[PDB]
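Working notes, beginning with the structure itself.
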Amino acid sequence: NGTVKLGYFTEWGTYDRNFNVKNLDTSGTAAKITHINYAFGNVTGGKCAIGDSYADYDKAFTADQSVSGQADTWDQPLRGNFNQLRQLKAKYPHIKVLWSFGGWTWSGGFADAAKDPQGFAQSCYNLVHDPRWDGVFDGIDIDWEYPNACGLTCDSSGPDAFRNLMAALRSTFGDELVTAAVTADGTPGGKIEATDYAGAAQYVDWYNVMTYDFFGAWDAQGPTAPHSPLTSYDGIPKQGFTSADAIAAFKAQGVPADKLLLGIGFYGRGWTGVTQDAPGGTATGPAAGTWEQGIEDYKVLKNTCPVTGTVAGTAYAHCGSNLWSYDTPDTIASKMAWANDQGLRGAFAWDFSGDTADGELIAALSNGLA
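Below, the structure written as structure tokens:
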């Protein structure tokens, strides 16, 4: 039972963002990690389903964008992101890849799935091991947002639905990987209290805990605050909304320490129109981002808005009228030291594409851990 260093690869990275699997190689990321989650597969009619057919297995890569350095061919059985993953594992054989299902957008279908779990499990296994790409995936990740609670949509399946689903997956996946990503809400009447994660814990290999997005510019007038604080701090708007308080909640319910991974966001959240040099103050609205307001990649923020302080185990950035909060190589290292003192199984990155070209965020996470 050794240490896990995981990160998410997003399927749509290959489109406008131009972030490909070859990038995990050139940034040295592939050398320093232990697992990759591919995100996301869909959930339809109570079954696992493909997410983007073109991106997942049909796209032809060119010589100069592919991992192996060779262009895909028409005669080829496999292509697209899956073929690239294939080419990467051949280069970096110790890496294991999980296919991830759900996400913020595609979690609406988990309720129908939780009504016949064995069917859901069987369908997933058959897809993960489709003859076209059998061998490529070493297990499955369930990113259900959120069981018996509210995400993009509200679910009322009960506290034991999540357990039922995981048990089913364990039964049909055997000795392969079954992991899940989970809420980091430890407050009274919150998302962890809503589902029995401790009971489901015995079927999973580990939980990916989403200890980020605690605060952000959806509270457009503020108050401003770090989105991924490690511990509590004085100004905090909502008590109990910290990485530390999330972990403890799971541990208290009975989830063991080595079934938990700490989440690191390779992005920042920010407001514009702030009075003061540090967080706590009001704002006019969301800071301007590239792909959506209030959010920016670290590869970009490290330049446009360099770090000016620290609070609660994480970092903040003042520049003009904007206040951004995100993790840096130094805050990540102190966070990893914390994970080791806590006996966590490891940590993970959401998501790879926000890191720099020399992979310095993933390098900090890796070097920090046992």
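The opening residue of the sequence shown carries number 1163 in the numbering used here; numbering runs sequentially from there. Note that CB positions come from ideal geometry on N, CA and C, so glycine has one too.
- C-alpha gap between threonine 1315 and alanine 1233, whole angstroms: A straight line joining the alpha-carbon of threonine 1315 with that of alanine 1233 spans about 41 Å.
- Item | Alpha-carbon to alpha-carbon, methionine 1328 and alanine 1362 | Cα to Cα, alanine 1362 sits roughly 6 Å from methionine 1328.
- Provide the residue span of the beta strand (DSSP E) that contains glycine 1427, from first to last. Counted as a single uninterrupted DSSP element, the beta strand (DSSP E) harbouring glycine 1427 occupies residues 1422-1427.
- Query: Which ranges would you report for the beta strand (DSSP E) in the stretch 1229-1309 if only whole runs of at least 3 residues count?
  - Reply: Fully enclosed beta strand (DSSP E) runs of 3 or longer: 1258-1264, 1301-1305.
- Taking the CB atoms as reference points, tell me whether residue 1537 and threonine 1373 lie closer together than 8 Å. Shown here, the chain extends from 1163 to 1532; a query on residue 1537 therefore has no answer.
- Go to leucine 1168, then tell me how far its alpha helix (DSSP H) extends in each direction, as first and last residue. Segment 1166-1172 is the beta strand (DSSP E) holding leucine 1168; no alpha helix (DSSP H) there.
- If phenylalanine 1202 and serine 1262 are in contact, beta carbons under 8 Å, what's the gap, nearest whole angstrom? Their Cβ separation, rounded to whole angstroms, is 5 Å, which keeps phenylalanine 1202 and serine 1262 in contact under 8 Å.
- Message: With a threshold of 6 Å on Cβ separation, who are the neighbours of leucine 1289 within its own chain once the five nearest residues in sequence on each side are excluded?
- Response: Residues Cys1210 of the same chain have their beta carbon placed closer than 6 Å to that of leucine 1289, with the five preceding and five following residues left out of the count.
- Message: Judging by CA-CA distance, which residue of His1389, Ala1410, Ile1409 is the nearest neighbour of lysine 1400?
- Response: For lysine 1400, the nearest C-alpha among the options comes from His1389.
- Task: Determine the contact status of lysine 1167 and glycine 1508, defining contact as a CB-CB distance below 8 Å.
- Result: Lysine 1167 is a Cβ neighbour of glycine 1508, given a cutoff of 8 Å.
- Can you tell which of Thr1341, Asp1337, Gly1313 has its C-alpha closest to the C-alpha of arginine 1325? For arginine 1325, the closest C-alpha among the options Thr1341, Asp1337, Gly1313 is that of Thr1341.
- Message: Please tell me whether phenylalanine 1510 and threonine 1191 are closer than 8 Å, where the distance is taken between their beta carbons.
- Response: Contact: no.
- Item | Pick from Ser1189, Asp1218, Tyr1170 that is closest to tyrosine 1177, judged by C-alpha positions | Minimum Cα distance to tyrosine 1177 is reached at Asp1218.
- Kindly indicate the opening and closing residues of the alpha helix (DSSP H) around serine 1405. If you look at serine 1405, you'll find it in the alpha helix (DSSP H) that goes 1405-1415.
- Since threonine 1386 and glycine 1443 are thought to touch, with beta carbons under 8 Å apart, how far apart are those beta carbons, to the nearest angstrom? With a contact defined as Cβ atoms closer than 8 Å, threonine 1386 and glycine 1443 qualify at about 6 Å.
- Message: DSSP has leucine 1339 in a bridge; who is on the other side?
- Response: Its beta-bridge partners are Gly1301.
- In this structure, what does DSSP give as the bridge partners for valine 1371? In the DSSP assignment, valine 1371 forms a beta bridge with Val1344, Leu1424.
- Query: For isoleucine 1494, which of helix, strand or coil comes out of DSSP?
  - Reply: Residue state, collapsed to three classes: helix.
- Just how far apart, CA to CA, sit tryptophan 1368 and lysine 1277? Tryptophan 1368 and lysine 1277 have their C-alpha atoms some 24 Å from each other.
- By DSSP, does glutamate 1522 sit in helix, in strand, or in coil? Look at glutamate 1522 here: in three-state DSSP terms it is helix.
- Query: Quick one: what's got a C-beta closer than 6 Å to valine 1469's C-beta in the same chain, skipping five residues either side?
  - Reply: Sequence-distant Cβ neighbours of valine 1469 in its own chain, meaning closer than 6 Å and more than five residues away, are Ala1477, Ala1479, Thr1490.
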